[PDB]
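First residue of the sequence shown? That's 1 in my numbering, and the numbers climb one at a time after it. Even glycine gets a Cβ: it sits at the ideal position worked out from N, Cα and C.
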Amino acid sequence: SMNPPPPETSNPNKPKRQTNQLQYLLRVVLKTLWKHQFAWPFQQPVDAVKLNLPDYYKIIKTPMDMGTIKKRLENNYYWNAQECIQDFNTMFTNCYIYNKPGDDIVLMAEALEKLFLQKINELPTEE
Ligand SMILES: Cc1cnc(Nc2ccc(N3CCN(C)CC3)cc2)nc1Nc1ccc(Cl)c(NS(=O)(=O)C(C)(C)C)c1
Numbered sequence: 001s002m003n004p005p006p007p008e009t010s011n012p013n014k015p016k017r018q019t020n021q022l023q024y025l026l027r028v029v030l031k032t033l034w035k036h037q038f039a040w041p042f043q044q045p046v047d048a049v050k051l052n053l054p055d056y057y058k059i060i061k062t063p064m065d066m067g068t069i070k071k072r073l074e075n076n077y078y079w080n081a082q083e084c085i086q087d088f089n090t091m092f093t094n095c096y097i098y099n100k101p102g103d104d105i106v107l108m109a110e111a112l113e114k115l116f117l118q119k120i121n122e123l124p125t126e127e
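Here it is in C-alpha cells:
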C-alpha cells in the first residue's frame, strides 16, 4: 500500500562534476530515449500503488527510472559517466527481473536499450 521515496537526486556534499561524457549522456542519450514513443513507462518512478503491484518494491530493491536520471543529469549530480550508465542499466535490468519475457513492458525496454547501446557506443573520449 506504499511506494518508497524516490532515489536521491540532490546532495550538496556529494562530489560531482560536469564532464563532456556526462554532457553527451544528457544531450544525446537521455534526450534520445526520452522522446521515444516507448519512453513514458520509464519517465518516472513506478507507482506500484496505482498499478496494483504490491510486490514491486519488495522485488526491485534498487529502483531507477529516466525521470530520476534526467534530474541527476540536470543537477550535475554524477561524478562520472559510468555512474549514469549504471543507472540506465539498473533501469533496464529491473524491468527484465520483474517482468516476463515478451511482455509489452519488456519489448518497450528492449527498444530503449537498443538505442541506449547504440548511443553509448559513441560516447566521446573524456576531456
Ligand atoms: C518501468 C516498469 C517496469 N515494470 C512494469 N511492470 C508492470 C507489470 C504488470 C502490470 N500490470 C499488471 C496487471 N494489469 C491488469 C496489467 C498490467 C503493470 C506494470 N511496469 C513499468 N512501468 C509502467 C508504468 C506505467 C504503466 Cl501504465 C505500465 N503498464 S504496462 O507495463 O502494462 C504497459 C506500459 C505495457 C501499458 C507500466
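Identity of the residue in the options nearest residue i by Cα
{"i": "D47", "options": "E113, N3 and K35", "result": "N3"}
{"i": "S1", "options": "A111, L53 and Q23", "result": "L53"}
{"i": "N13", "options": "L33, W79, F38 and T68", "result": "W79"}
{"i": "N20", "options": "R72, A81, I69 and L51", "result": "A81"}
{"i": "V49", "options": "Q43, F38 and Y57", "result": "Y57"}
{"i": "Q86", "options": "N99, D65, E74 and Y98", "result": "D65"}
{"i": "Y96", "options": "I59, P124, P7 and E127", "result": "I59"}
{"i": "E127", "options": "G102, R17 and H36", "result": "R17"}
{"i": "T9", "options": "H36, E110, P63 and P124", "result": "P63"}
Bounding residues of the alpha helix (DSSP H) (the contiguous stretch that carries residue i)
{"i": "residue 139", "result": "The displayed coordinates of the chain run from 1 to 127. Any statement about residue 139 would go beyond what the structure contains."}
{"i": "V29", "result": "Element bounds for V29: n/a, residue is neither H nor E."}
{"i": "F42", "result": "Run containing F42: none; DSSP gives neither H nor E here."}
{"i": "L22", "result": "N20 to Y24"}
{"i": "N94", "result": "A81 to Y98"}
{"i": "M108", "result": "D104 to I120"}
{"i": "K58", "result": "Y56 to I59"}
Residue i to residue j span [Cα, whole Å]
{"i": "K71", "j": "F92", "result": "18 angstroms"}
{"i": "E122", "j": "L112", "result": "16 angstroms"}
{"i": "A39", "j": "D104", "result": "13 angstroms"}
{"i": "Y24", "j": "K31", "result": "10 angstroms"}
{"i": "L51", "j": "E74", "result": "28 angstroms"}
{"i": "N11", "j": "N76", "result": "10 angstroms"}
Where residue i falls, given that 16 or more other Cβ within 10 Å makes a residue buried
{"i": "residue 128", "result": "What the structure shows of the chain is the stretch from 1 to 127, and residue 128 is not part of that stretch, so it cannot be assessed."}
{"i": "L117", "result": "exposed"}
{"i": "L22", "result": "buried"}
{"i": "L33", "result": "buried"}
Closer than 8 angstroms: residue i CB and nearest ligand 3 heavy atom
{"i": "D104", "result": "Ligand 3 is absent from the structure shown, which contains only ligand 1."}
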